[PDB]
Each structure stands twice: as structure tokens, then as C-alpha cells.
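Have a look at the structure below, then the notes.
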Amino acid sequence: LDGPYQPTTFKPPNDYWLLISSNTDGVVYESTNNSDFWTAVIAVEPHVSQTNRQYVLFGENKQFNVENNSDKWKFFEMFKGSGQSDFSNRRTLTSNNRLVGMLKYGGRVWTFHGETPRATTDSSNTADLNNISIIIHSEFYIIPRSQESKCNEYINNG
Ligand SMILES: CC(=O)N[C@H]1[C@H](O[C@H]2[C@@H](O)[C@@H](CO)O[C@@H](O[C@H]3[C@H](O)[C@@H](O)[C@H](O)O[C@@H]3CO)[C@@H]2O)O[C@H](CO)[C@@H](O[C@@H]2O[C@@H](C)[C@@H](O)[C@@H](O)[C@@H]2O)[C@@H]1O[C@@H]1O[C@H](CO)[C@H](O)[C@H](O)[C@H]1O[C@@H]1O[C@@H](C)[C@@H](O)[C@@H](O)[C@@H]1O
């Protein structure tokens, strides 16, 4: 498969999964169109009891109270729907394969959430899908929709 690509600011094409390989706690990527969609994935290592941590999302430092009592890495999707609106934990992937996925498709962003090995795809709407840029902080792989079954096997089995 195609990569790794090195961390960078990326404008992702339609009909391609970004398989993103997180190597450490912190921001995994920051995704926005600056209109109706912000999404940042915070990674939290196993056995973190509720505590406050500082993260730098979209050029501003921000504190989140995070906990992971599981023996599995947790990837918290932090969504907001306008620039002047506050962040929410919309979805959680719990996985020791430490891969997230992102796909621009059919005027929606699809991602993996739930627990491996039965993590599943879910969509989020946007009215400006094409102007979604993304700062990715780890090595990533590009998979075509043509090979979408492979993206699935990797999220859930590594
Ligand atoms: C039923 C389900 O899929 N629950 C998920 C939940 O999904 C919600 C999200 O997709 C949000 C995103 O904004 O949308 C919700 O639907 C809205 C809808 O969009 C509105 O239009 C509508 O009017 O209202 C509905 C509300 O009904 C979806 O319900 O996402 C959470 C967050 O990721 C997920 O919980 C996580 O994953 C589980 C495994 C566990 O680790 C949790 O702690 C995580 O936070 C929900 O999954 C279920 O979680 C349950 C307990 O909270 C059980 O654990 C259950 O086993 C989980 O379900 C399994 O995993 C799911 C990912 C999915 O694959 C299910 O088919 C499967 O049974």
C-alpha cells in the first residue's frame, strides 16, 4: 500500500481512506474547512485516570479532561460545528492497532469508531467537504475505496 507519507498539511482527495498510524499520545490530526466542520483526534494511552491535558488544536492551546481506564489506546474525535462553538467528544475508537481512518465521500466524512476488532464506519455531514484540509501528526497510508475491505482489516487487525 501507498506510503507512509510523512506528517504534513494535506488536502485529502475524495474516495480515498487516510489510514493514520498514531505513535504517541497527543493530537493525531486536525481537520477543518473553517465553515461548518472541525475535527481533531486526541490519542490517550491506557491507564490514564481522569486528568487535564493541554493540546494545540487549530493554532490555539486547549485543555481537555481525559480518562482511559482500559488496556487499549483510545482515540477521541473532538468535533465542533462552528468556529465560535465549543468542542465535544463525538466518537471514540478503542484499539491497540493504533490506526484511525478518514474518508471524504458523498458529501460526508467517514471515520472508524467503537472497539476493535468490531470497529465500524460512521459519517458526519458538511456542506463544504471539498475545502476540508488536515494537519496529520503521524505517518499515514492512502487506500482507494476500490480497496476499502483492506482499510477495514487494518483498523481492526493491524
Ligand atoms: C449504537 C451505536 O452505534 N452507538 C455508538 C455511538 O454511535 C453514535 C454516534 O454515531 C453518534 C455520532 O454523533 O450518532 C449517534 O446517532 C444519533 C444520530 O446521528 C441522530 O441523527 C439521531 O437522531 O440520534 C442518534 C442517537 O441514537 C450514534 O448512536 O457512538 C459511540 C461513540 O463512539 C459508541 O460508543 C463507543 O464505542 C463503544 C464500543 C464503547 O467503547 C463506548 O464507550 C464508546 O464511547 C457507541 O457504541 C456502542 O457503545 C455502547 C455503550 O455506549 C456499547 O458499548 C455498544 O457495544 C457499542 O456498540 C457497538 O459499537 C458501535 C461502534 C457500533 O458498531 C454498534 O453497532 C455496536 O453494537
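Numbers here are sequence positions counted from 1. Start at 1 and go down the list; that is how both ligands and their atoms are numbered.
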[X] to ligand 1: N or O pair under 3.5 Å?
X      : result
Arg90  : yes
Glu115 : no
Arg91  : no
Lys74  : no

Might you check, step by step, whether the distance between [atom] and some protein heavy atom is under 4.0 Å?
atom                    : value
atom 53 (C) of ligand 1 : no
atom 30 (O) of ligand 1 : yes
atom 66 (O) of ligand 1 : no
atom 24 (O) of ligand 1 : no
atom 9 (C) of ligand 1  : yes
atom 33 (O) of ligand 1 : yes
atom 62 (C) of ligand 1 : yes

Margin query: Given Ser133, which partner from the list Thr32, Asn34, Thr9 fulfils the side-chain contact (heavy atoms from CB on, under 4.5 Å) test?
Written below: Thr9

Relative to the heavy atoms of [X], which atoms of ligand 1 are at a distance of less than 4.0 Å?
X      : value
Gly114 : 37 (O), 39 (C), 62 (C)
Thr120 : 62 (C), 63 (C), 64 (O)
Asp122 : 9 (C), 10 (O), 12 (C)

Notebook entry, point to check: Parallel, tilted or perpendicular for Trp38 and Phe58, by the 30°/60° rule?
Noted result: perpendicular

What I want to find out is whether [X] reaches [Y] closely enough, with some N-O distance under 4.0 Å, to be called a salt bridge.
X      : Y      : answer
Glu139 : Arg98  : no
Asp122 : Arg91  : yes
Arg145 : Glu148 : yes

Item checked: Beyond-backbone contact of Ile42 with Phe64, side-chain heavy atoms, under 4.5 angstrom -> yes

Above 12 or not: heavy atoms from other molecules or residues under 6.0 Å from [atom1] of [X]?
X      : atom1 : value
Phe37  : CZ    : yes
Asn157 : CG    : yes
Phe10  : CZ    : yes

Notebook entry, point to check: Rounded to the nearest 0.5 Å, how far does OG of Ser21 lie from OH of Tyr141?
Noted result: 5.5 Å

Checklist line | Minimum non-hydrogen distance to atom 36 (C) of ligand 1, winning option of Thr92, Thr94, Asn89, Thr121 | finding: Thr92

Check: At what distance is the nearest protein heavy atom to atom 7 (O) of ligand 1, and which residue and atom is it?
Finding: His113 NE2, 3.5 Å

